[PDB]
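**Student:**
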Amino acid sequence: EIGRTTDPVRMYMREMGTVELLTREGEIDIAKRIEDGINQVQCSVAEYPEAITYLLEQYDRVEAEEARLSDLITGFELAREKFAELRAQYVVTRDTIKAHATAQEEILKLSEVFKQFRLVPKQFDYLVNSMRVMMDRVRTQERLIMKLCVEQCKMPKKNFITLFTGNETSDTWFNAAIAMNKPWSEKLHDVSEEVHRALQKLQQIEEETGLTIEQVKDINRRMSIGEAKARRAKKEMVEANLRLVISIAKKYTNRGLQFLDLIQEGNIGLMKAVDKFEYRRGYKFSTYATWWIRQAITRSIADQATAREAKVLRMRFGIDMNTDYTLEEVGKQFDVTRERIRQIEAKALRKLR
Amino acid sequence: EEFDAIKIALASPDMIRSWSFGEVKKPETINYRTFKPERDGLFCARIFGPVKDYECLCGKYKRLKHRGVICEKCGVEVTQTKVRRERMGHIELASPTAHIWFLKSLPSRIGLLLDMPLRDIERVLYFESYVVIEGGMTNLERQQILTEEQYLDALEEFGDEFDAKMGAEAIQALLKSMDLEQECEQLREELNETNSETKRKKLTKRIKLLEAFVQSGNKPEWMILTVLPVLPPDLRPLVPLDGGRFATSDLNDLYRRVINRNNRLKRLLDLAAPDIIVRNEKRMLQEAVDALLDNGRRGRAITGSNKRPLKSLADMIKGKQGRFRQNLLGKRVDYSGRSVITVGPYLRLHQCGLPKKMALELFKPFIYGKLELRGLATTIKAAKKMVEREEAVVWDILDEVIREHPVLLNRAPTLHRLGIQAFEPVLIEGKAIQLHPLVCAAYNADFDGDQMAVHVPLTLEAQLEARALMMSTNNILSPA
Amino acid sequence: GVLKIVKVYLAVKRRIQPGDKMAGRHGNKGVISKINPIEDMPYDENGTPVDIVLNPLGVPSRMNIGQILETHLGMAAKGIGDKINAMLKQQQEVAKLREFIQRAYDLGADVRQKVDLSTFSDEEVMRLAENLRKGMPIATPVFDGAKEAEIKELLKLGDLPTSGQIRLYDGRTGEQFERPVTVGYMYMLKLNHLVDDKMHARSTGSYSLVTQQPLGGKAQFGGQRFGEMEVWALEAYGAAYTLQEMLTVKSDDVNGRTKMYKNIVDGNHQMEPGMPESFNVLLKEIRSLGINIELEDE
Amino acid sequence: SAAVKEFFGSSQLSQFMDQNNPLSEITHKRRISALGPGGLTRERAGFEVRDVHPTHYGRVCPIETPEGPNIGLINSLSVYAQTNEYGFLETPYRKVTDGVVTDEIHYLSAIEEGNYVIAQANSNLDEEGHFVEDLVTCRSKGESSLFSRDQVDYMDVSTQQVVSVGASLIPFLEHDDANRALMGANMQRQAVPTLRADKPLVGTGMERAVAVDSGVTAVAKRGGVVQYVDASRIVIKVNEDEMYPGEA
Amino acid sequence: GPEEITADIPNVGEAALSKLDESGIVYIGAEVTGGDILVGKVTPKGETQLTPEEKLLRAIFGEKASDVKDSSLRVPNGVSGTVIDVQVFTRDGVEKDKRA
Amino acid sequence: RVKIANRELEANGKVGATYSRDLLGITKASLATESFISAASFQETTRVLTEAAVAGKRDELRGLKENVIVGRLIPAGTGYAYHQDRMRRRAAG
Amino acid sequence: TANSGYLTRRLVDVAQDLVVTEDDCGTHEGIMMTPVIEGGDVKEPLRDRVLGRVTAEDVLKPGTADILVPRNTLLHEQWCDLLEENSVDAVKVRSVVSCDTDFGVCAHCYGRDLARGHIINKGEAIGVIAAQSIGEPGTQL
Amino acid sequence: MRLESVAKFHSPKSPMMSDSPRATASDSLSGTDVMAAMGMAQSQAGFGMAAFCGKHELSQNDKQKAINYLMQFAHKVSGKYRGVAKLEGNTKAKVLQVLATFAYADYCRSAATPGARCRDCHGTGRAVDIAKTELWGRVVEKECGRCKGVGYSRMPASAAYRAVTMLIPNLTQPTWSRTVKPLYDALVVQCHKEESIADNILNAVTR
RNA sequence: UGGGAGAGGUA
DNA sequence: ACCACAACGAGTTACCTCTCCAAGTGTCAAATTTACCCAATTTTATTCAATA
DNA sequence: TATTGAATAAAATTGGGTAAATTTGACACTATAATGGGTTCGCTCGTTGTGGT
Ligand SMILES: [Mg+2]
Ligand SMILES: [Zn+2]
Ligand SMILES: [Zn+2]
Ligand SMILES: [Zn+2]
């Protein structure tokens, strides 16, 4: 009963004992819903041509050989010829974007050629983060433009709603909102610099995505409901496996920590387990999860238990001396620097080659 | 150092940031291989000052010629290590937590403010139930507690209009949103129509609390901590034992637990965690802060290794072994010693027999002064060897010094004021004090093993106070 | 963590001195106040001085009369030992020794001990007289004691006064105490509360880490605790300067105590006091409780 | 091993032994503590647990205890006191039959003696027969009143049955006030051993029992004759009767 | 650095070194007083600086911790008496001493 | 304070207040004294510091316990002259 | 002795700040000291009950000689013998409970400093003296 | 030489963090006999001890002692400066007080004065030249160009001038530099002289 | 260095 | 309007003795310091003549 | 015959900024199945707030 207790682990046991336990098939189709959410956000970024031109940007800078393709793409050697084919697909979608159903079906063709565009999972995390940077950057530019485009009005929204169904870019809806003889018109007709700044920002959006705000706004809505369904399925998966964290956290109870701190470290380990969980390997959930639970708990218990640029490579690579030296000892005996010598030797390696 | 008042009030988060010298960010105290503090730890030298007297940590700047200098290899300013008991830190809490004193020290100071039950307040802080803050509809009234079922049906019903929160952030929002002047006017006009005596006394309690708040100038939301100050490290030291193992500092353990749970709450809030895990982590941080402030008050006492409850800051303040009652109203004292008393039946009424070794130890800076004034000792090492070898000239100097210098003689328990009396000492061979047989009724001192303490007064004011007030030939009659 | 351990054992002989605690067996404790010469101790007309002079005014308030009865029985036992020692020093016979020791043995009223030296061979009687030449030991069970009639009977055997009291002479003036004084042989013990362990003194030493007050204990050279009741006693006297001296410059005021030491060595007995460091400890702890306390300047 | 070493090293009843004289160690080894794990606590004990209950006659000493804040809570076992197999204290009595006080010894526990009339040890006997008087003192059902010479059921086995070991070394204890006899029994245990030992001329006869039973002397395991004495060794040739047929 | 128990004690007078033996332990029978030495244990203080003086010292002698802090066991003050028993325990591997 | 307020009220010619004496016990009077340093150093330090921190008080150091804790001369005996000197300084200043 | 120490601590802490701060409050209140005659005997007579006080008003009896001692006089020993030889019944004297001095008492409503015999000075911690004097024989109770 | 060890000794007891402590000998000195030697060396050379303790903010009461000794020295030495030697009594006492206080604050000013540390070097007065490290390989140092090597902003002498022309209004800056400011520089040179002679007498005592 | 427990003791 | 529960706080003072209380290591983006420039701005000894 | 105030030039300081080093903090090490915890009493007496027919 809510009320008569003060033991925090008793309240936590009472809280976790309400969500039911999954069966063998329940985690399977919950992971299927997780797969549906991640391919949902993958197909909303597949149609997005800005991800395509940024991956082409990363392609023609890695064609200058600054990085390796081992930590860039997991597959679909074959990488060079396949990326040449994808560059050909990029340039045919580039020069045939000017014409409109052919442009539509070539957006479909670049989104389905994105279906083999699978990369290594650390770089895939970095790619969904960089897509968050640029894509959510133009998302929050649209968000600041809609908040800034509603806050200056201070009128009833209804005529602005019927005006908002159009383009909301140029000055003809501005003149339509001016020529409708209301007292807010003659005091708000000085909004021309606001809609003109929205005009130049929207021409940046026009060279960015090709067309209007409505398609990218519903694409943002698709990304939002995809990530929301993924978050809700992740919550439904972690809320039916806390008993696993209790069953593992009992074995390390008197090893430097209290009880609930072990449970919370295991909860973070379970979140990292379900974030990296795949279902097609046949193993159900527990033998994959218990590795991350035990590892996070024992790690928390372990926790509670140019002449200069030439000479740094001289004392760095084991050359011109007896034994090798890592990035720590010659850093601390050279200067007080630790990662600066890594930047210095990276500049030396990208300079002399 | 002139002042004429001592003023107490509540502490702003910007006030705690103004006392602060840097945020403690990691729960490590010191490295244990090399006894050096960690960066941004609980013992950090860049925040709390250097360890050695007039050095830095890396030992580059060793001399006093760099009297205040921020070093470059480590960043710890070379100065006195006296600053390690004056410089406080702070901890930016990842969520607001309630202060245990203004929640449990009865009357509860929040249930007296908002007029809420303490059970409902604790049920909100314990993440067991919601409470509405502002209702745009007429269906919901302020300070109404909702269960989670009621919260879900009202959330799907009204959609977005009301806003109910849960935990200490909800109570901080309530205290931020309340209006003390309008509440005081409403209660003052309520007190006219109040005929019930219990409602009258409860209303006078609440009215005086509101009037105290508006006349002191404290905001009422400062009873909910958002920044947590950190005691300086020389006031919670690490004491090594003899076997290379440090001793358990309970304040360091509780501070370390707060930093660990706060870092984990920051990682959960950044990782977009599920709400059950986030609420459990916030509840653990709230109880860890409450344990640090006053351990054995809200729930069970958090114990240490030896199954004793840990000391907290309220334990360091309160009690017979507390700071007040053990170090401010009475303390240990230099120029003092003790021995067994015997009878001197050959003394006058103003004389005590004081042993030679005792008076020689108690009177050593006076002997150094007369050794300089007579010229028998020119260097301090020579004076040290002269007093240590106990030369006959040193005994002559001691007989000159002891002469007309009263000492205070005290026997516990000092039940009344005639258990401290000033006598003029006679230097006798032996190890026992020789009390005069007539003052034994005042001291209640028979000779079956009673011991007494000698206390040397130093200044001329203290010597004349002992001569004119506390001399045993002034205390002839009782005061009782 | 250790390599080798060296343990060293010392051994001291501690003679008694003024201030050493001493007791009998009947709850009569006492502290030695003086060590008097043999020519100053009182004596009887054989010139034997007394070893210990106790106070008679400690008896009739505490009502331990076993003190007095043990004194009288010890006087009787030592008288028997004196007569056996006289016969042994004169080398009388074995028959005289056997007769006298037998007479001293079968002396009580209806006592249960039956010792008979007829079975004792002469070497055993000489050995028994040698062990009895310093006084015949006497048993007396609890609640089964010797009566005053048997004590007086043993005193009459030992050619001593029956009332227990002899006439003592003054050690110094040579005159005589006007009344007869109870003289006998109590059994004194030396308790472990010695003035070598109680005596302590300290001018300046080490200080505690948090509070900056002097340490506590003879083991680590500490200061005597000027507690709350002594603060009240100085407040009742009015000694405001003595109380400020106790609270600041003999205590946790650092600049005040350094300046007081060098001012005393400079011959200028004058203090300049300031804030005790335990008050700053208190201010920092009430501040670390999230409560802004501050010395308001005027 | 961790639990049993924790107990034996640092329990509240595993005390550093007093070793001033042999009486100190033997009184420590015969001590009874009301405190500890499962027992009382020193600060919150009243006057009712710190009093001499009438069932302490022969089991617990009434005049040996500390004189501080520990006064009724630390006691001392009496001289003849035993335990049951259950752990209750019992003390021996001589059964009288038809006035004839025999030499048969019964250890009566604390509740069994509360039924019978038990004579005092200071009652007079003759010819190994009966009492010399009619109105004989006794104690029964707590109180102690006068009884007839045939009604009596038991007698105390000795006159020192009440007092402990250290309280039965005091000569003329019956002429002492109890407040001073308590302190004498306490202060005998703080007496340092001096350079040359010196027997008391006035004693009790319990001294030989304490000195042998303390284990602080060297008693002879098998009798015989002494072959070689030293300052640090005694070599005893055993009699051939006590000698075993396979040894020297 | 590991400590050692040897009679070689720096900056002390040779009067106090009469009571010790050649192995650093006091003789059985020596009447010690307060402020005397019973067993000579020295501690490595620490290099922490590179001056030509200490460089020439470690060149000429080889006492590579030539700054050592004498932390010998001394008898506490006011205590006297003879020495009747000395017991030396050692761990495995370390060769003990002539005195041991 | 009530007598001083009624004194100034009859000085400036007004109504004045009607009071009633309250016999408090020793513990209740020494905790309800008007100085939180003395009340905290006597008893119930948590409750005394909590109420004083909420009310925003200030100790004027008028008493022996406060001048012992802070460390100045007590207003008694030989310190009475210095304390009335400080009073006339900070009053006539 | 545990209860006596706790009572003496509570008494000193209730009466620590009471200092003689004035010289005369100039009031006319006081207590009428009469000899305690409770039971069948006198317990403490008027001489012991009034020796060292200060008269709140003049003595006004026809009596035996119509004695008049003036207001605000410290009753000495010979004044107590004057009260004896004229057999005075009762006398209203001032007390500290009726001193009109705020923040302390006056010297005349306390009277004789009993440790010294003369009248009390100002700047005396009479509350600490009073609390020690009451709590000291608690061990004798 | 000798004096700064005593400034180490004026602190409270600091916690040690090492292995086996407590040398328990008279190797250097104790902590109380150093103060006893400061007391023995106070009858002569008390000026420099008071000035040193006031400069290093240990025993912050002898700042007034050092200002009083400097005022006595200025009263004895004022008969050789043409600007001050013609003034009347209490006015000359007040100008000697104000320039003694400003001269002592100028002597006290080091890199630990609040608001006086250099902006770039943070008091060390020693920055690293990046070009010489790039051409040499090793790490080099140079003089901090903002502070010009001293590590702290020096006290301008015109602060005393502004604080005296609120009392002597008709004293302009050229005559201030001509016949007043040598007395100010004589005061700070006397502070350094007294500190040196007190360190010499301290080393003569504790030898 | 110097902190905390527990045990016993003295007045 | 008028009574039975939890929890706090209190229990003298001082002193003494004892026992017992893993591992860098590579990498990456963003924020932060740091060595330097520089215009303004203040400081301080020096010059010119005009009285002294 | 000096000495002093207005003017002054050179140097020290200061507030602001700024491009470029460089430091900070976080990560990162991966698959049979495994799914709800071990503390506490004989340890008295007064007070006070909180909750209850
Ligand atoms: Mg006594
Ligand atoms: Zn450094
Ligand atoms: Zn009056
Ligand atoms: Zn600089």
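Chains as they are written, first to last, in PDB author numbering: chain A, 90 to 165, 215 to 237, 242 to 447, 552 to 599; chain B, 15 to 494; chain C, 1045 to 1342; chain D, 499 to 746; chain E, 846 to 945; chain F, 1284 to 1376; chain G, 790 to 930; chain H, 1 to 207.
Every residue, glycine too, gets a C-beta built ideally from N, C-alpha and C.
(1) Return the chain-ordered list of same chain residues with a C-beta closer than 8 Å to the C-beta of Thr24/H, the five sequence neighbours on each side being excluded.
(2) Does any CB atom of chain C fall closer than 8 Å to the CB of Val97/B?
(3) Note down, in chain order, all residues in the stretch 1297-1308 of chain C with a beta-carbon under 8 Å from any beta-carbon belonging to chain H.
(4) Contact between the stretch 1307-1322 of chain F and the stretch 796-803 of chain G is defined here as three or more beta-carbon pairs at a separation below 8 Å; is this criterion met?
(5) Going along chain H in order, which residues have a C-beta closer than 9 Å to the C-beta of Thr552/A?
(6) Going by beta-carbon coordinates alone, are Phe176/B and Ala187/B separated by less than 8 Å?
(7) Since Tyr228/A contacts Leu145/A with CB under 8 Å, what's their CB separation in whole angstroms?
(8) Determine, using beta carbons only, whether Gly398/A and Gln446/A come nearer to each other than 8 Å.
(9) How about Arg81/B and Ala111/H: are their beta carbons less than 8 Å apart?
(10) Give the single residue among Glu336/A, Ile405/A and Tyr268/A whose Cα lies nearest to the Cα of residue 200/A.
(11) From the DSSP secondary-structure annotation, give me the bridge partner or partners of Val724/D.
(12) Quick check: what's the CA-CA separation for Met365/A versus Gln589/A?
(13) For ligand 5, which residues have a Cβ under 6 Å from at least one heavy atom, in chain order?
(14) By the DSSP assignment, the beta strand (DSSP E) with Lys886/E in it spans what residues?
(15) When you compare the CB of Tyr1053/C with every CB in chain E, is at least one pair closer than 8 Å?
(16) Quick one, what's near ligand 2 if you take every residue whose CB is closer than 5 Å to any heavy atom, in chain order?
(17) Whose Cβ in chain B lies nearer than 7 Å to the Cβ of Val205/H?
(18) Rounded to whole angstroms, what's the CA-CA distance from residue 1374/C to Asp1154/C? Just pull it up for me.
(19) At a CB-CB cut-off below 8 Å, which residues of chain B make contact with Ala904/G?
(20) Could you spell out where the alpha helix (DSSP H) holding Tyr1363/F opens and where it closes?
(21) Counting C-beta neighbours from all protein chains within 10 Å, is the total for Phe545/D 16 or more, i.e. buried, or is it exposed?
**Tutor:** The answer reads as follows:
(1) none
(2) no
(3) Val1298, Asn1299, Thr1302, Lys1303, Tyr1305, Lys1306, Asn1307 and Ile1308
(4) yes
(5) Near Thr552/A (Cβ distances below 9 Å), the residues of chain H are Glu134, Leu135 and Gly137.
(6) The Cβ atoms of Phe176/B and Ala187/B lie no closer than 8 Å to each other.
(7) About 5 Å separates the two Cβ atoms, so the contact holds.
(8) Annotated as proximal: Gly398/A and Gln446/A, with beta-carbon spacing under 8 Å.
(9) yes
(10) The residue list of chain A ends a segment at 165 and starts the next at 215, so residue 200/A has no coordinates to report.
(11) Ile734/D
(12) Distance between the alpha carbons of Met365/A and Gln589/A is about 37 Å.
(13) This structure does not include ligand 5; its bound ligands are ligand 1, ligand 2, ligand 3 and ligand 4.
(14) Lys886 to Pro889
(15) yes
(16) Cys70/B, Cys72/B, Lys74/B, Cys85/B, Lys87/B and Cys88/B
(17) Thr393 and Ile394
(18) What is shown of chain C runs 1045 to 1342, which leaves residue 1374/C out entirely.
(19) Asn489, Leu491, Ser492 and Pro493
(20) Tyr1363 to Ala1374
(21) exposed
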